[PDB]
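Heads up: the structure comes next, in structure tokens.
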Amino acid sequence: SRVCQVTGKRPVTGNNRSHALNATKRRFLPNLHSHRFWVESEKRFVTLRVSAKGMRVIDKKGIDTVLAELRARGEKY
Amino acid sequence: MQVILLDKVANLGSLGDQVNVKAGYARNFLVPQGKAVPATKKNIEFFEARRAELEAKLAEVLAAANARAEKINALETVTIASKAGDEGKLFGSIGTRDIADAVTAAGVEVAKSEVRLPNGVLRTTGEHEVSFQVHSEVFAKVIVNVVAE
RNA sequence: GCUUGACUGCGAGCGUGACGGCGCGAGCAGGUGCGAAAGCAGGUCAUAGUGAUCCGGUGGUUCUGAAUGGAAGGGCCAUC
RNA sequence: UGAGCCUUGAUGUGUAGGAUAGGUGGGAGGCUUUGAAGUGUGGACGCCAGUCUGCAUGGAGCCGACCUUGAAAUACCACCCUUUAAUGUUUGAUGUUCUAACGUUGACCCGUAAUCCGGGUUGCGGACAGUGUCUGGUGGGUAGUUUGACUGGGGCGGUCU
RNA sequence: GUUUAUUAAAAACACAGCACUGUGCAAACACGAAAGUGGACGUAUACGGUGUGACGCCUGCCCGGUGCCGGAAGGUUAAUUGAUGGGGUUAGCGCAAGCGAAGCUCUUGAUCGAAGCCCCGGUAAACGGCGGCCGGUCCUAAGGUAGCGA
RNA sequence: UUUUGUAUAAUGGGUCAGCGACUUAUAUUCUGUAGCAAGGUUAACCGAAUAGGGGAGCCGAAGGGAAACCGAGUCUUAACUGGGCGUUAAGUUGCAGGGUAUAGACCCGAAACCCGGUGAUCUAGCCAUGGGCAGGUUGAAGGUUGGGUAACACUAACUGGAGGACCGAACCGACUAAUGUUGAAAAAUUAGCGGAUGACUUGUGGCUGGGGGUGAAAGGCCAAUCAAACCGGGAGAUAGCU
RNA sequence: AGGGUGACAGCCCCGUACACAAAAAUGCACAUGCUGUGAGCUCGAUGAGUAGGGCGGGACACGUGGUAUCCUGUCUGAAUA
RNA sequence: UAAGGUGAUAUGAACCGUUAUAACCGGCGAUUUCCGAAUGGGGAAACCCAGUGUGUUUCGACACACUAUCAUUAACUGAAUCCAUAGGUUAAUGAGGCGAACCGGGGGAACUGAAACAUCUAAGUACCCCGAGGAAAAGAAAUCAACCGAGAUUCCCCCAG
């Protein structure tokens, strides 16, 4: 499913509102990308399905902390 | 993205400098190789102690060919050789990269890689370059004094 | 010929409308025009020439102003 | 191929003149052997007078109070105003190259006696493609609806204050 | 051959043939939030769509309009960006009507900005259209040709 | 019953028996009645619980004005001799009733919309694997004996056995007529009729699901139902109509 | 109280008021154990891709209006007593 | 506890008991075919077909036990690939399913009303889905108030149509 493994962002339902204020249901999808992160603690490439915001979170925190959170949450990566 | 350079980079800095590098460059090239590492405060507070080992030992043993992408083309190396080949068009032959070399035996020692394996190509109508290669057809086809010298 | 009564606040009392409303009106206060004066003038001989409410725009008005002082916004008056 | 900008190299013709006076302090000498002054000359600029520049050789001298001048020296030093050259430098753009993101419904190895999937090696593409948000156009493909009343039936015609 | 099982079997549908058109393969297209699947374990002598409907003679003219296709000097044009202006607040100055720095803030909207539309050309076996006037001439995109006709 | 008007040949009822339609809740206004009275009354809650406590509140005794504000006055206006709205009328809390409001709101009754499931044992298409097609005709290609060219053309006999070929049973269908139409049958019977080796037919199993399928295309078929199936739900939809 | 009994029962029966009862299991309270979780004072520290912002929606009685506050799909992004 | 019983239709037969193992009642135990989350594999539910390990045997065959998936921990084991990692086997623990309402969350109509209808209503209702408990959720102020103060969440009555 379209879920960011770092942040948990899912598709979220909302409205397309016309100029006549016609409300038709729609989905906002996240900006998911499958990325191979070079983990140094294991000398490996770990593939994760991550949003761009999650990638910024990885850049800030460090991949080690993010993976620690993921494995504390479960999330077989 | 602010990063501290563990080694020399072409147009960013040399041997320790908080450089504002684009996130894609840092994420995909500098950190996957041994060139830089992001400065999250604690990292520089460890770098200020690591510099004793880094700036001398690692600097002496390896300070060029950080990713063998541009330093191989700029700093010409492994020019001297003995193996010629077939007629002047290297194709699938690793040749010699370590033996019969003098400059690449002291401190900093750049390196090279292999070429395209034989599946469609052969000893005519093209050539290869003795250096690191990702492309094998559109890559530069400059003579390296190994294809026929 | 001279002029701006095509004035401002009100208005006894009437007429005509289911209503929303429409109409006539002497007279009072202010200020004014014409006439020596008595007086006349709140548009045009009269009856057609028109569009409720909501939303909003402009001028004025310290009426209100969500802790307090402002201000925004709202009200009231004139008007699109 | 454009612009801001630490900073510095160039810009300052009422005219008095030895001729190209933004200005206040500080001061009476700046530069010249990591080379002065004299010549050809490089493309810049110019008010038709030179300023400032690269280089060749060059090898002991150009530049004040000068007398005047509303202003006294680019003599040194500093902030700074008109203008104008360049780059480390920040993003704008065109192009070409590159590889490390990303694609591969190419090849070979392994999980594995498996046309899936994954990992790996290699090639080919390559910051393109493609996906998320936002955005202009198109869009009976689909959907929800509206399409008045009077009226010698209704419609067509007429009408509606 | 097929067709309204149960009032219509036909001149209707289909059809071999033909033409146009799209599609270079991860094909177009279709079913699918997707993965994937058909097309096709096929590869332009193939595949889809659309029209006509054996075969014979043929299939005339028009690109003005709508559509599609191609190309472009220029015009207008979104998101994004935010030059300049205007207003609120208050430091202060004000024997005071009042003025009013900085910061935050409301408002305006200079500049950049693609396709599209405007414009030019092609295309009718695309949707479609195919004259009058007097015994040369106006108009048009062109003015119904061959054949057939109560 | 409905109408201007019904013996009406306008609707309804075969008859009897049983059931069958103005309700309930909370607000609000008016009338009657009872208590108290410039006062009336509690809600939740506590409570050995229809008591008693609880006055939090609500209405009333003051109105005017958009409002600040003023106040038996106030607003309008610079101001009213004026004018408007008030001051000179007891209210409140239960109980009963009449209206109204929200709720299904007097009862029954749509066509239809939406949601979630059940259906390809019928049928339409497709897929896999088995089967069926009496008998009789005609006589393509091709091939051998001939007639023929310098060698291709070619013309007869024999052989051969093609075809979405022909006649016609099984089988598949359904053009005409009669019958039947509270049928023997919710589509048939009799007599005739089309195809009948093919684009045929048929058995067994599988796949395609409702804004969807399938369709040699008739809006055809998808379990006797189809211009949007059936079941259950929103649901007592709504019904200015009967 | 109620229910039966050949009709309607305080005194026929079963019951009711009331007083009693558990070998065994178990709940509730106290008292009361085993293991294990760790009070108090003093120093500090005191939650960053977060608050906030552009764009698109939604929830707040509030439909974007002059519209505060709250959540976030996308792009960004501080101070830190 | 008991002088009567072996459930009813429901008679009969054969019996059991009558001072306490007849019966009946309550607590704790044992037995508990097959299907069914069904769990050794399969399947058109209540059926079909097995493997391994013990123990019997007349040598015919028998009886018992185990044998699913996934999640977590460990232990051994271990590719491409040197160390490694994915992966494989084994062992322990846990889960799976059913159930009326209440509860939190993810999605989410239309009829209808507006006397048409699109913003709006209906309504975050109906319905689908995930998850927990006996309750759930929320909960101890980056909350209100107003210059006076209050002091976590939850529920009822007013405020107030």
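Chain identifiers are assigned as A, B, and so on, following the order in which chains appear in the structure tokens; residues are numbered from 1 within each chain, and ligands are numbered from 1 in order of appearance.
Across chain A, DSSP run on the backbone finds alpha helix (DSSP H) at residues 52, 53, 54, 55, 56, 57, 58, 59, 60, 61, 63, 64, 65, 66, 67, 68, 69, 70, 71, 72 and 73 of chain A.
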9 Å contacts from chain A to chain D using only C-alpha atoms (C1' of nucleotides), as a ChimeraX atom specification: /A:28-33,35,51
At what distance in Å, to one decimal, does atom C1' of residue D:62 lie from atom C1' of residue D:38? 9.7 Å
Considering only C-alpha atoms (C1' of nucleotides), extract the chain B residues located within 9 Å of chain D and return them as JSON, numbers by chain. {"B": [24, 25, 27, 28, 29, 30, 32, 69, 70, 116, 117, 119, 134, 135, 136, 139]}
Please, could you write that set of residues out with C-alpha atoms as a short mmCIF file (atom, residue, chain, number, x, y, z; two decimals), in the first residue's frame?
```
data_model
loop_
_atom_site.label_atom_id
_atom_site.label_comp_id
_atom_site.auth_asym_id
_atom_site.auth_seq_id
_atom_site.Cartn_x
_atom_site.Cartn_y
_atom_site.Cartn_z
CA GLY B 24 21.20 14.83 -3.95
CA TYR B 25 24.97 15.11 -4.39
CA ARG B 27 23.01 11.59 -0.46
CA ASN B 28 24.00 9.71 -3.61
CA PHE B 29 27.74 10.41 -4.12
CA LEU B 30 29.62 11.92 -1.19
CA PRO B 32 28.03 6.48 -0.07
CA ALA B 69 35.07 9.10 -11.59
CA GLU B 70 36.88 12.38 -12.39
CA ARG B 116 32.51 -4.49 -20.81
CA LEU B 117 32.56 -8.29 -20.84
CA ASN B 119 28.87 -10.63 -25.32
CA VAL B 134 30.08 2.72 -16.34
CA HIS B 135 29.34 3.51 -19.98
CA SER B 136 31.27 1.39 -22.50
CA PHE B 139 32.23 6.81 -22.87
#
```
In Å, how far is it from atom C1' of residue F:50 to atom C1' of residue F:94? 15.0 Å
Wanna dump the chain A-chain H contacts at 9 Å for me, each residue with its shortest atom pair and the distance in Å to one decimal, counting only C-alpha atoms (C1' of nucleotides), ordered by chain and number, as a Markdown table?
```
| residue | atom | partner | partner_atom | distance |
| --- | --- | --- | --- | --- |
| A:13 | CA | H:107 | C1' | 8.7 |
| A:20 | CA | H:119 | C1' | 6.8 |
| A:21 | CA | H:119 | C1' | 5.9 |
| A:22 | CA | H:119 | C1' | 7.4 |
| A:42 | CA | H:84 | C1' | 8.9 |
| A:44 | CA | H:85 | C1' | 8.7 |
```
Show me a table, sorted first by chain and then by increasing residue number, of the residues of chain A having an atom at most 10 Å from chain G, each with its shortest atom pair and the distance in Å to one decimal, counting only C-alpha atoms (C1' of nucleotides) and written as JSON lines.
```
{"residue": "A:9", "atom": "CA", "partner": "G:73", "partner_atom": "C1'", "distance": 8.7}
{"residue": "A:10", "atom": "CA", "partner": "G:73", "partner_atom": "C1'", "distance": 8.8}
{"residue": "A:11", "atom": "CA", "partner": "G:73", "partner_atom": "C1'", "distance": 7.5}
{"residue": "A:12", "atom": "CA", "partner": "G:73", "partner_atom": "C1'", "distance": 6.8}
{"residue": "A:13", "atom": "CA", "partner": "G:57", "partner_atom": "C1'", "distance": 8.5}
{"residue": "A:14", "atom": "CA", "partner": "G:57", "partner_atom": "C1'", "distance": 5.4}
{"residue": "A:15", "atom": "CA", "partner": "G:57", "partner_atom": "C1'", "distance": 6.0}
{"residue": "A:16", "atom": "CA", "partner": "G:57", "partner_atom": "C1'", "distance": 7.7}
{"residue": "A:17", "atom": "CA", "partner": "G:57", "partner_atom": "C1'", "distance": 8.5}
{"residue": "A:21", "atom": "CA", "partner": "G:63", "partner_atom": "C1'", "distance": 9.4}
{"residue": "A:26", "atom": "CA", "partner": "G:57", "partner_atom": "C1'", "distance": 9.5}
{"residue": "A:27", "atom": "CA", "partner": "G:73", "partner_atom": "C1'", "distance": 8.3}
{"residue": "A:28", "atom": "CA", "partner": "G:73", "partner_atom": "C1'", "distance": 4.8}
{"residue": "A:29", "atom": "CA", "partner": "G:73", "partner_atom": "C1'", "distance": 6.1}
{"residue": "A:30", "atom": "CA", "partner": "G:73", "partner_atom": "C1'", "distance": 6.1}
{"residue": "A:31", "atom": "CA", "partner": "G:74", "partner_atom": "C1'", "distance": 7.9}
{"residue": "A:52", "atom": "CA", "partner": "G:74", "partner_atom": "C1'", "distance": 9.7}
{"residue": "A:53", "atom": "CA", "partner": "G:49", "partner_atom": "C1'", "distance": 8.1}
{"residue": "A:54", "atom": "CA", "partner": "G:49", "partner_atom": "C1'", "distance": 9.2}
{"residue": "A:56", "atom": "CA", "partner": "G:49", "partner_atom": "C1'", "distance": 7.0}
{"residue": "A:57", "atom": "CA", "partner": "G:49", "partner_atom": "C1'", "distance": 6.0}
{"residue": "A:58", "atom": "CA", "partner": "G:49", "partner_atom": "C1'", "distance": 9.6}
{"residue": "A:59", "atom": "CA", "partner": "G:49", "partner_atom": "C1'", "distance": 9.5}
{"residue": "A:60", "atom": "CA", "partner": "G:49", "partner_atom": "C1'", "distance": 7.2}
{"residue": "A:61", "atom": "CA", "partner": "G:49", "partner_atom": "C1'", "distance": 8.9}
```
Please produce an output containing C-alpha atoms for each residue in the selection, written as a PDB file, in the first residue's frame.
```
ATOM      1  CA  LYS A   9       1.840   8.998   5.486  1.00  0.00           C
ATOM      2  CA  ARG A  10      -1.119   7.317   3.790  1.00  0.00           C
ATOM      3  CA  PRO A  11      -3.569   8.412   1.123  1.00  0.00           C
ATOM      4  CA  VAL A  12      -6.070  10.819   2.695  1.00  0.00           C
ATOM      5  CA  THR A  13      -9.579  11.601   1.461  1.00  0.00           C
ATOM      6  CA  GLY A  14     -10.805  15.111   0.755  1.00  0.00           C
ATOM      7  CA  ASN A  15     -12.851  17.163  -1.716  1.00  0.00           C
ATOM      8  CA  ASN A  16     -12.327  18.591  -5.145  1.00  0.00           C
ATOM      9  CA  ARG A  17     -14.210  21.887  -4.803  1.00  0.00           C
ATOM     10  CA  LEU A  21     -18.512  24.754  -4.746  1.00  0.00           C
ATOM     11  CA  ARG A  26     -10.839  12.689  -4.044  1.00  0.00           C
ATOM     12  CA  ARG A  27      -7.607  11.271  -2.655  1.00  0.00           C
ATOM     13  CA  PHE A  28      -4.413  13.085  -1.761  1.00  0.00           C
ATOM     14  CA  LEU A  29      -1.584  10.567  -2.251  1.00  0.00           C
ATOM     15  CA  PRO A  30       1.877  11.005  -0.663  1.00  0.00           C
ATOM     16  CA  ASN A  31       5.059  11.495  -2.675  1.00  0.00           C
ATOM     17  CA  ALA A  52      10.199  12.957   0.238  1.00  0.00           C
ATOM     18  CA  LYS A  53       9.399  14.258   3.721  1.00  0.00           C
ATOM     19  CA  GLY A  54      10.578  10.936   5.116  1.00  0.00           C
ATOM     20  CA  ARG A  56      14.287  14.743   4.712  1.00  0.00           C
ATOM     21  CA  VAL A  57      13.660  13.071   8.079  1.00  0.00           C
ATOM     22  CA  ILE A  58      16.346  10.501   7.251  1.00  0.00           C
ATOM     23  CA  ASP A  59      18.760  13.250   6.216  1.00  0.00           C
ATOM     24  CA  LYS A  60      18.188  15.062   9.507  1.00  0.00           C
ATOM     25  CA  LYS A  61      17.988  12.192  12.012  1.00  0.00           C
TER      26      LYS A  61
END
```
Contacts of residue E:5 within 12 Å, only C-alpha atoms (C1' of nucleotides), excl. fewer than 5 positions in-chain, as an MDAnalysis selection string: chainID F and resid 122:124 174 187 220:221 224
Emit the selected residues as a PDB file, in the first residue's frame, including N, CA and C atoms (P, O5', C5', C4', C3', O3' and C1' of nucleotides).
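Output (out.pdb):
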```pdb
ATOM      1  P     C F 122     -28.409 -24.276 -17.800  1.00  0.00           P
ATOM      2  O5'   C F 122     -29.636 -23.305 -18.075  1.00  0.00           O
ATOM      3  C5'   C F 122     -30.910 -23.804 -18.451  1.00  0.00           C
ATOM      4  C4'   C F 122     -31.771 -22.701 -19.007  1.00  0.00           C
ATOM      5  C3'   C F 122     -31.174 -21.925 -20.169  1.00  0.00           C
ATOM      6  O3'   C F 122     -31.393 -22.557 -21.417  1.00  0.00           O
ATOM      7  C1'   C F 122     -31.990 -20.415 -18.546  1.00  0.00           C
ATOM      8  P     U F 123     -30.207 -22.675 -22.485  1.00  0.00           P
ATOM      9  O5'   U F 123     -29.938 -21.178 -22.946  1.00  0.00           O
ATOM     10  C5'   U F 123     -30.944 -20.415 -23.588  1.00  0.00           C
ATOM     11  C4'   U F 123     -30.708 -18.941 -23.408  1.00  0.00           C
ATOM     12  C3'   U F 123     -29.420 -18.398 -23.997  1.00  0.00           C
ATOM     13  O3'   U F 123     -29.507 -18.154 -25.389  1.00  0.00           O
ATOM     14  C1'   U F 123     -29.683 -17.586 -21.800  1.00  0.00           C
ATOM     15  P     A F 124     -28.373 -18.708 -26.381  1.00  0.00           P
ATOM     16  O5'   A F 124     -27.321 -17.519 -26.465  1.00  0.00           O
ATOM     17  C5'   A F 124     -27.711 -16.207 -26.839  1.00  0.00           C
ATOM     18  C4'   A F 124     -26.580 -15.231 -26.650  1.00  0.00           C
ATOM     19  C3'   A F 124     -25.184 -15.776 -26.890  1.00  0.00           C
ATOM     20  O3'   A F 124     -24.846 -15.866 -28.263  1.00  0.00           O
ATOM     21  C1'   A F 124     -25.202 -14.516 -24.898  1.00  0.00           C
ATOM     22  P     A F 174     -35.698 -20.479 -33.876  1.00  0.00           P
ATOM     23  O5'   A F 174     -36.852 -20.377 -34.968  1.00  0.00           O
ATOM     24  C5'   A F 174     -36.597 -19.863 -36.270  1.00  0.00           C
ATOM     25  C4'   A F 174     -37.774 -20.078 -37.190  1.00  0.00           C
ATOM     26  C3'   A F 174     -39.092 -19.485 -36.700  1.00  0.00           C
ATOM     27  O3'   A F 174     -39.897 -19.099 -37.811  1.00  0.00           O
ATOM     28  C1'   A F 174     -39.289 -21.838 -36.861  1.00  0.00           C
ATOM     29  P     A F 187     -44.967 -21.889 -21.752  1.00  0.00           P
ATOM     30  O5'   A F 187     -44.904 -21.930 -23.341  1.00  0.00           O
ATOM     31  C5'   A F 187     -45.858 -22.663 -24.097  1.00  0.00           C
ATOM     32  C4'   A F 187     -45.796 -22.302 -25.560  1.00  0.00           C
ATOM     33  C3'   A F 187     -44.396 -22.218 -26.156  1.00  0.00           C
ATOM     34  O3'   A F 187     -44.461 -22.570 -27.538  1.00  0.00           O
ATOM     35  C1'   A F 187     -45.439 -20.114 -26.318  1.00  0.00           C
ATOM     36  P     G F 220     -35.593  -4.933 -28.351  1.00  0.00           P
ATOM     37  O5'   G F 220     -34.366  -5.941 -28.272  1.00  0.00           O
ATOM     38  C5'   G F 220     -34.274  -6.870 -27.206  1.00  0.00           C
ATOM     39  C4'   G F 220     -33.506  -8.103 -27.598  1.00  0.00           C
ATOM     40  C3'   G F 220     -33.169  -9.043 -26.455  1.00  0.00           C
ATOM     41  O3'   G F 220     -34.242  -9.912 -26.141  1.00  0.00           O
ATOM     42  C1'   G F 220     -31.246  -8.676 -27.792  1.00  0.00           C
ATOM     43  P     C F 221     -34.746 -10.080 -24.626  1.00  0.00           P
ATOM     44  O5'   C F 221     -33.623 -10.975 -23.953  1.00  0.00           O
ATOM     45  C5'   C F 221     -33.449 -12.325 -24.345  1.00  0.00           C
ATOM     46  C4'   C F 221     -32.119 -12.865 -23.890  1.00  0.00           C
ATOM     47  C3'   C F 221     -31.809 -12.727 -22.411  1.00  0.00           C
ATOM     48  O3'   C F 221     -32.471 -13.680 -21.605  1.00  0.00           O
ATOM     49  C1'   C F 221     -29.929 -12.075 -23.659  1.00  0.00           C
ATOM     50  P     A F 224     -37.078 -16.814 -14.361  1.00  0.00           P
ATOM     51  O5'   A F 224     -37.940 -17.626 -15.415  1.00  0.00           O
ATOM     52  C5'   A F 224     -37.593 -17.618 -16.791  1.00  0.00           C
ATOM     53  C4'   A F 224     -38.751 -17.159 -17.632  1.00  0.00           C
ATOM     54  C3'   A F 224     -39.420 -15.885 -17.142  1.00  0.00           C
ATOM     55  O3'   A F 224     -39.916 -15.150 -18.254  1.00  0.00           O
ATOM     56  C1'   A F 224     -40.949 -17.700 -17.001  1.00  0.00           C
TER      57        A F 224
END
```
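Across the structure, atom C1' of residue F:217 and atom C1' of residue E:49 are spaced 17.8 Å apart.
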